[PDB]
There are 4 protein chains.
Amino acid sequence: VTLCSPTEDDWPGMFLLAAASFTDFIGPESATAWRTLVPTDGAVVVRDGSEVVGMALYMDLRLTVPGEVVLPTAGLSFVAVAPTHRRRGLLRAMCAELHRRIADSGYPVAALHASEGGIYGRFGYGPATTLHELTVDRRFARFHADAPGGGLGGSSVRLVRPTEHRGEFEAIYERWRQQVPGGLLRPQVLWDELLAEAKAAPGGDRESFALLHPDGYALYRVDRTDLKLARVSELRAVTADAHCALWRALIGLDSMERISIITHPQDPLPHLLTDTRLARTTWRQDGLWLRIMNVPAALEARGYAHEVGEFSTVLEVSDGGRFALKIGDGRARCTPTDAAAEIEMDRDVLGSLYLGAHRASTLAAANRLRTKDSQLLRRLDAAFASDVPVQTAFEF
Amino acid sequence: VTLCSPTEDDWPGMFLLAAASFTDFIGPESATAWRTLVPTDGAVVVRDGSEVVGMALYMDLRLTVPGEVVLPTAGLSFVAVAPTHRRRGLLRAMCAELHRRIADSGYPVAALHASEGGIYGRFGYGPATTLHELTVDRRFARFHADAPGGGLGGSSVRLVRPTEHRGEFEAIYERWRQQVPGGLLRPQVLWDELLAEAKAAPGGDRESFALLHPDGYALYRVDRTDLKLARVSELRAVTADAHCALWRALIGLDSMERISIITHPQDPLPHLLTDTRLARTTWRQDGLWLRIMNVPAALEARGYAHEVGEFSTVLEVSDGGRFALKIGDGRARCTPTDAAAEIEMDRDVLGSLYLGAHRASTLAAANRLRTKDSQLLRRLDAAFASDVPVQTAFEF
Amino acid sequence: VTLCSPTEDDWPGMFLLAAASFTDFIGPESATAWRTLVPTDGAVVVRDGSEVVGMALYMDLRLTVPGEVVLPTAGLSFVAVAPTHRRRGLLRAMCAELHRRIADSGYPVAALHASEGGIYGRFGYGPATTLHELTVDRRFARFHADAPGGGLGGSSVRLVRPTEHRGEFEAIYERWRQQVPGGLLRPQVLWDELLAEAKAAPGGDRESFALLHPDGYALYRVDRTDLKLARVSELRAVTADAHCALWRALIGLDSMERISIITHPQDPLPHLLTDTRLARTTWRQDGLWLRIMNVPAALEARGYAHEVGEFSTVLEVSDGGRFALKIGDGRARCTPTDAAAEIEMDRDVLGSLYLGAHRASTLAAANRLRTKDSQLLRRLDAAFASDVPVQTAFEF
Amino acid sequence: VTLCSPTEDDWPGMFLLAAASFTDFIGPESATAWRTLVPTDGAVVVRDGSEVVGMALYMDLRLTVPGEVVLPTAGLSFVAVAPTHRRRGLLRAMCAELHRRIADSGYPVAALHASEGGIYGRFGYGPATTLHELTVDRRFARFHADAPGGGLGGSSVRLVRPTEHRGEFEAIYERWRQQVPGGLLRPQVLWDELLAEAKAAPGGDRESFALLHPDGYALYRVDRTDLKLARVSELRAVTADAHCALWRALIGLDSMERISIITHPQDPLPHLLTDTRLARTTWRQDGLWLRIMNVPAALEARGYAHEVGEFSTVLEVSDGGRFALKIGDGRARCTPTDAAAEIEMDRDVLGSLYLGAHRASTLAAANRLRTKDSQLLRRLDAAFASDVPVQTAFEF
Ligand SMILES: O=C(C[n+]1ccn2cccc2c1-c1ccc(F)cc1)c1ccc(F)cc1
Ligand SMILES: O=C(C[n+]1ccn2cccc2c1-c1ccc(F)cc1)c1ccc(F)cc1
Ligand SMILES: O=C(C[n+]1ccn2cccc2c1-c1ccc(F)cc1)c1ccc(F)cc1
Ligand SMILES: O=C(C[n+]1ccn2cccc2c1-c1ccc(F)cc1)c1ccc(F)cc1
């Protein structure tokens, strides 16, 4: 078993392992499009002696972080060990080689979506965003008197074919992803992919429809089996007006009993209704995972809450360096020190704080984050918090 | 139909309406104990002409709010209109009379638990705490290396009969409720009630067991039907050590597949495990609802985040007054003004901000909270936030 | 209603009855391939007066029996009476004609798979093999210290496309079926059929994958609806090493919760795991049914346990002859006699003993098998037992 | 943590651990009856420093083995570690002490029923009997022409109150348990227990009824929730006539859709019906587990198949001795040797062969049983087989 960069010869064997490893795999033509986002030397395979028994790669991504700052981000994906080669340390070996290449290429952060929740903590990945499923029983749903877009006249939302308004969805998504922590740039090939899956599959998913507002869209389809359930695959709104208007149109699907959506914990939808309970949380899971590749580079790059006053401390990342951390005026300076640490945490914990999804207080309570000063806990909580709520762009 | 304070003669008719209205009603002897928490003139009934077709009451409660401050709180409960007298405005009439008595008695706040989520917003109640059900698949659950109480030697947790350690549960609960926003004083009669329900019911619930630590306890029982599920009815821990230790003992129930608990969104349990996902959120609902009876009294009484700098604004509560609000040094001054409002909200929205469970940003996004200054939104968010996470004491 | 051999004209009407009668019917092109295994005069139809209201046929098969002996076997199949012509004795008539042709052609045995368990006993068919479904919860599955192929180095199992290793599957299956009681020769057209069904169906079954060892293979696919379940459609191993190795690879499908397989009661898989219970029996049914067409020919043809000592008796088959049966040195001589019978049984009971799947003791307990000597019961039990466990080849 | 024999003071603390550990626990009065079967020094507890955090005991039992031989048997039971004291090696310590006392007392075998299937292999226990649940859809069930007790006249089965025919059930059970491998003597206190559970529980199980034949009985009750299902809790028949007659009466419960029973793999019921499939196997699990305490004593004590001819070999039990094993004339001699081993197996594997439930062939296939001679495998298979099928007496 040797570890090396795949040649053209290796990709058919990688697609075989992919088909056997991943239940959501479409096939070679779709995989060949995703391939365009993998840089030269962004992929490792393990051959036996002969066929591919291990693979991993990263894609070049652009991640928005608090302060509307966009970081070049190594998006780890397509990771698979053959069922014939478990417990052979092939994951540990492939992750080590990719982290070396990612670090040497000058990415400040790596990111992934996790298939299981127990694999990636030990490689320094922390869960950094939270997914909420909301299911609305739309038969009882009335909008509050205070809810926007209640006034008379015409609706600003149109029902449209997704495929005929690509440009408008692209423009809205582009505005969205530059303003929101968790935001990813979506390149042409992933819009090609998204609109191909909006079309009806023979004995698969149904036709997708779009609701289009000047400042927002929602793609939705009726579920395969439950014909009384509408699944919102994507809702992107730049203004509160856009968000309320699209939910007025979705609650107006009078043939449906339930509207379901994967959203974020701070989604204001519950507050648009006279009965907050009608928007039930049916499901909740980690979204994006972060590995901080370079601590000073990452901590300096994001914005911090202007509210908390200037403060200084010493952060120790376990096997990741000790740093003098000065936060003030929503900026951070992070410099090498050998001064006694006031805060210790593993690198995964740092990933989990980085986008504001987790409070330092909560991780301290679980002893993932050690400190003898609770005034310092309060200050980190307040500083790392995000004014714009953190969201999840698309799975990769 | 007349509205008046019940006489001794009226209570048997109130117990009848209770039995028909509430599915969790035990009977007269249990109701007579709860009665001891209702003050003179704390109850209204509506008679037809003859029998009781409407009732409502409040109990004298002590609610802990951010800053470890304890407020006298009118706990609204036992509210019921006969099925024969719907849509007759009997709720509106009974709530109006109780709010008059509550206000004139000098309670700064009223609270309730809601049977439906759509009734109480219009009477000025806002949902102020959030309940999370976590279900742990304990067969996969391993504690993190960082998790407290991993070291060798003996366990500090004991398995005990609940009924033999009343005093220890009382002491721990008393410490807990003085330190935690949402905390209620539990009087003797509600401990009498709690331990009566820890005993096995013929063809009802099973024997309850306790795990006891110097600084925490957990009451639990196996479910009636699912003999592989343990339901934690109550877990109260004062220190992180206590909380981790009790979860070590609960994960040690090796005959169970699942441990379920109603907890709060900031519960650190997910972070004690190598796999955060093993602690799935199965259910999420509003807990305690607040009506701010007196705005200046309530806003002045709680503590605020020391982190945010001194700032001033004008809050307008819809049909509730306009106030000059100055927050600095974790204290507030709230005084009458006729100056132009910078923030408007209905009284229910204020209830929802009061314990820190909801961000002003989120309610602004739903237009429940109007302001033309987003720097002011950020400052309110930061000021009203609680350093100790808000929790739910007991249902009433 | 007349009974006769179909002409070319009749097959479209037979395919119509097939489509209406059998839920697993693919269509004419697939049926035309199976047709190649039906000899001249191996099919009967019943016409009304006009259209086909009844059909039955046998295929030329080669069945392995204990002692690695291969018998020419009439495989009864494609049996159907129109829903318009029930209770008209059309099955009794068609079975009578086919048994006449099968007997006159010189087949010692007939076999079938039964749609219902209550039809074929009365025509002399006995259930002769047993199917067990095992479902492994592979998340808990650890192999025993004693289990083969635990040692270091590389795996001998490869993950492959089924369609690219036809020759290797053919060779392994050929070795398997010559060594195992219940084994059937699989001709070219049934391998053509098997690999056509390994490909993904639009809105049907998913891609099939193969695990290939020098001495064994497993074909498997993820279930249509349960994406956490892998269905092993076929596992054929010649050595214990092959069998353990393939189960190591299947337990290594780390995206699956459950592996299901239709196997036989003596499958050693439970014993490869530290927890035998993890391999739960979810389902158990009769497999192959046998009708002994010629008693002396069949009894003489199979091998017997060398362990039991030489013994003699007189077997009476009800309306099937009386025979002097001498068993010794793992061989039998079976000759006409009019001597008093020591054992009586119907012909179906004999079919059920023939491959060793059922103990004579058990059938005696149900009085399907009469004898006044229990020493003789013990001797038959021991003699008819098979050293290699009896298995089921493929459905037909 | 110290290990010692409990005093009278310790039993209330043991009942507490029992209530918390075992979901089927009735209470002190029932436990005090079972206690009468525990000999002096048959129980160990582990105290912390104070309360009971560990317990285990054995009961004096009489186990019937092949050849109708009755062995004094240590029945291990009531084993529990507190949830506060897992992974402290308390089970390993308690099992070690009990095995010492059991061995020194002169029991040739120990037995238990396992709560999980993965705990007891490592302490030398092998699963030695198999439980089958059969569910009969009795609406389709017709008895075969060959089935006993079909003839005219009166039924020999009576429907009776269990409590009024204790003596008749006792006599039948006594005959049953002396003739059947797996049979246990049931003392007075366990008949007291059995008839107490035949009475209807307020909001628990329903009235139990008995079917009584001179040579057999069946206790049954309708299920709590499924009022169309009858659960046969116990069926004990000495003759085939008794067994068929009781099944005629059970199929005659014309208000029921389904009859369910926990029986053994060789139960002849399927063969009494025209449709064998109507008796579906819904569930299958290990019953009794055996630890051979003394190999020569146990191997010499049971009978062997008279059919197989005299043969000699050398058995090595892993860390349990090497023995010259001579089997002939259904008897065994087992003597110390240092001659090269021809068969190796762990002590648990031996337990699994001992009552005839598992074939040596099957365990050899899983490499739980090593031998270079397959003629020797065939001979062990044949020798250890039981003429009377192995059954499970009662859980303990
Ligand atoms: O992202 C993928 C994985 N992938 C590959 C092929 N695919 C077909 C249908 C879908 C996929 C997916 C997929 C990904 C995320 C998701 F949420 C759903 C599907 C990829 C990356 C680099 C490559 F070179 C090739 C593929
Ligand atoms: O709180 C109650 C209602 N109540 C009354 C009787 N009860 C019997 C069993 C339970 C109750 C409950 C109950 C409350 C909350 C809960 F979560 C469960 C039960 C009350 C208040 C003032 C009174 F004068 C009489 C009763
Ligand atoms: O065996 C068949 C029946 N048959 C016919 C057509 N088919 C299409 C798909 C499948 C079939 C099956 C089938 C059989 C067994 C099974 F397990 C699944 C399918 C046959 C025999 C002789 C003929 F002349 C024509 C057909
Ligand atoms: O066997 C028991 C366990 N036990 C104890 C108490 N119990 C109440 C109801 C049932 C029990 C059971 C029980 C056992 C097996 C079963 F299948 C169901 C219940 C025992 C042995 C020695 C003792 F000193 C005390 C108890």
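Sequence positions for chain D are given in Swiss-Prot numbering; the residues included correspond to 3-51, 56-402, in order.
Including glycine, each Cβ sits where the backbone N, Cα and C put it.
Going by Swiss-Prot, these are the annotated features:
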ACT_SITE  D:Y126  active site, proton donor
ACT_SITE  D:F402  active site, proton acceptor
BINDING   D:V85, D:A86, D:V87, D:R93, D:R94, D:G95, D:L96, D:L97, D:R98, D:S121, D:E122  acetyl-CoA binding site
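Between the two most distant C-alpha atoms of the annotated acetyl-CoA binders (D:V85, D:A86, D:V87, D:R93, D:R94, D:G95, D:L96, D:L97, D:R98, D:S121, D:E122) there are 19 Å. Listed binding-site residues (D:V87, D:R94, D:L96, D:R98, D:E122) with a CB under 8 Å from any chain C CB: D:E122. A separation of roughly 15 Å, to the nearest angstrom, links the Cα atoms of D:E122 (acetyl-CoA binding site) and D:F402 (active site, proton acceptor). Checking the recorded positions D:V85, D:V87, D:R94, D:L96, D:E122, D:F402 for a CB within less than 6 Å of any atom of ligand 4 leaves D:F402, listed in sequence order. Most other Cβ atoms within 10 A: among the binding-site residues D:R94, D:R98, that distinction falls to D:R94. In the three-state DSSP scheme, D:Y126 (active site, proton donor) is classed as coil. A coil conformation is recorded for the residue listed as 'active site, proton acceptor' in the three-state DSSP classification, outside any helix or strand. Under DSSP, D:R98 (acetyl-CoA binding site) is assigned to a helix (H, G or I) in the three-state scheme. When the recorded positions D:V85, D:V87, D:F402 are checked against ligand 2, none has a Cβ within less than 6 Å of one of its atoms. Counting only residues at least six positions away in the same chain, the Cβ atoms of D:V3, D:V48, D:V59, D:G60, D:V87 sit under 8 Å from the Cβ of D:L96 (acetyl-CoA binding site). Within the set of recorded positions D:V85, D:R94, D:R98, D:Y126, the entry lying nearest in space to D:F402 (active site, proton acceptor) is D:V85 (CA atoms).
Within 10 Å of the C-beta of D:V85 (acetyl-CoA binding site) we count 21 further C-beta atoms, all protein chains included. Counting only same-chain residues at least 6 apart in sequence, those with a Cβ under 8 Å from the Cβ of D:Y126 (active site, proton donor) are D:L118, D:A120, D:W295, D:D354. Burial estimate for the recorded positions (D:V87, D:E122, D:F402): highest at D:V87, by number of other CB atoms within 10 Å.
A strand conformation is recorded for D:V85 (acetyl-CoA binding site) in the three-state DSSP classification.
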